[PDB]
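Basis: the model, the stated rules and, where named, an outside source; these are not laboratory values. Here Cβ is always computed from backbone atoms with ideal geometry, including for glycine, and neighbour counts include all displayed protein chains.
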Number of protein chains: 2
Amino acid sequence: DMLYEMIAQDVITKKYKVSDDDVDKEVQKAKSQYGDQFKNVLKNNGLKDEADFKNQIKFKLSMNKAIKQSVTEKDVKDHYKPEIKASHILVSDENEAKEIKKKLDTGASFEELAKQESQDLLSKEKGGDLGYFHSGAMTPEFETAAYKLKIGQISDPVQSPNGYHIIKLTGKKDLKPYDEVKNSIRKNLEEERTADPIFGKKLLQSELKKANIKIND
Amino acid sequence: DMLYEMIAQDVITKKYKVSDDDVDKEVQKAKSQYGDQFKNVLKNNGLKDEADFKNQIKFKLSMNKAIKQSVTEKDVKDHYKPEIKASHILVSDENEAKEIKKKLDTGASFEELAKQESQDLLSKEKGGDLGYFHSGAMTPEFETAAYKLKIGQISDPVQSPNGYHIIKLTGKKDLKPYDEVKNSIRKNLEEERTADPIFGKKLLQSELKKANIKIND
């Protein structure tokens, strides 16, 4: 509860050091941002006092540094892939995915079957079109299958945490040399991991485990 | 290592609160005690700087408060017993303890057998005499057996972490009413638990366990 926080924050703040100057600068950016409302927003955010806020900022900055250091050169190389465009149909039942594949193999419209049967509300009204996306945008299971396809090829059912996908590859962009794009791949992985609560929390559990400490969620 | 310390100290210092005024007073008592040598003794003690020392004093005072609160009214009542005097012979082999008992039952001298066979160097040259002691002075196994004896009675072999004891009760003091001596029993348990590293460390492991945290020694 309040103890887990202290400990979890102590492990991160001790390993990923940030200067009090950097912490105080982030604190001042919040004071000028709200002014005389600082106490209210601080109260409304459920913070004891300014000391609690500072400790929460120290944690955020240390966590940000930890997420930035979590990106290895191997991680950057593992995301060096061409941007691809694909369509998909998502269903929860594996037999339903096999029956969808059977219909597409006969010539049935991929777009119309996606509009009727896909469970993916973000793409079903576009006939299953996901548009162009980079490596790391979709689930690893989906990505692994999509990059194995040839343009126009339809996958067999692909299991992912979201259900079963029938995937059609529809586009592949030219890829610039690694040295030309590696800085941008690293920036993208840094941002995606920082904006992902699931990653930042799995990183905390692993960090406590590396320190030989077992706690409850 | 250095992380276990931080965490172990954070759990105790958070639960058993001590004022910064009390901590600073203990720090100043050390400064006037050594004067210009403070840095050297601090360096010789293996302390980073004065901040490290203060955190170690904060821990000591919080631990002292935790040990003082570990003494319950039940603990005081469990130590309300007359001071007793006993002699003993300590041997490591249970058959040797049975053979010693057989000899004493025939009339053999307890004092001479203790001088020859006892492994307890603190009492063997006194013929096994431990003098008068209060509840909590000896191991619970030894104490439990000693208080069951009648004056002059010899025990069968009593197993303790030290080996096997043959115990003879030789004295028992009058006991004042509980209300008259309970303050002194509490003071004695506070002091014995504070001067005992084994207790202070078993108290830390239990405190981490109450907080649902598993760490390695």
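When residue A:20 is tested against the conditions (1) within 14 Å of chain B (Cβ to nearest Cβ); (2) out of contact with any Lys or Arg (no Cβ under 9 Å at 6 or more places or on another chain); (3) among the acidic types (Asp, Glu), the lone failure is (2). In the stretch A:182-217, of all residues being surrounded by 13 or more Cβ atoms within 10 Å (Cβ to Cβ) and over 20 Å from the mean Cα position of the chain (by Cα), the one that is farthest from the other protein chains (Cβ to nearest Cβ) corresponds to A:208.
Selection within the stretch B:165-174: residues that are of a type outside the set (D, E, K, R) and out of contact with any helix residue (DSSP H, G or I) (no Cβ under 8 Å at 6 or more places or on another chain). The member of this set that is surrounded by the most Cβ atoms within 10 Å (Cβ to Cβ) is B:170. The single condition among (1) out of contact with any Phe, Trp or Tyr (no Cβ under 8 Å at 6 or more places or on another chain); (2) assigned to a helix (DSSP H, G or I); (3) without any contact (Cβ under 8 Å) to a residue 60 or more places away in the chain that residue B:108 does not meet is (2). Out of all the residues in the stretch B:58-68, is one or more touching a helix residue (DSSP H, G or I) at 6+ places or on another chain (Cβ under 8 Å), among the β-branched types (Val, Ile, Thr) and either surrounded by fewer than 11 Cβ atoms within 10 Å (Cβ to Cβ) or in the same structural domain as residue B:25 (by TED's automatic domain parsing) (or both)? Yes - at least one qualifying residue is present in the stretch B:58-68. Considering A:5, A:50, the condition of being surrounded by 12 or more Cβ atoms within 10 Å (Cβ to Cβ) and within 14 Å of chain B (Cβ to nearest Cβ) is satisfied by A:5 alone. Checked against the criterion of being out of contact with any strand residue (DSSP E or B) (no Cβ under 7 Å at 6 or more places or on another chain), in contact (Cβ under 8 Å) with a residue 12 or more places away in the chain and of a type in the set (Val, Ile, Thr), the stretch B:88-104 has no qualifying residue. Against the list (1) among the basic types (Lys, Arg); (2) in the same structural domain as residue B:163 (by TED's automatic domain parsing); (3) loosely packed, with under 12 Cβ neighbours inside 10 Å; (4) in contact (Cβ under 8 Å) with a residue 12 or more places away in the chain, the condition residue B:17 fails is (2). Looking only at the stretch B:31-54, decide whether some residue is in the same structural domain as residue B:67 (by TED's automatic domain parsing), aliphatic (A, V, I, L, M) and in a loop (DSSP other than H, G, I, E, B). Yes: one or more hits.
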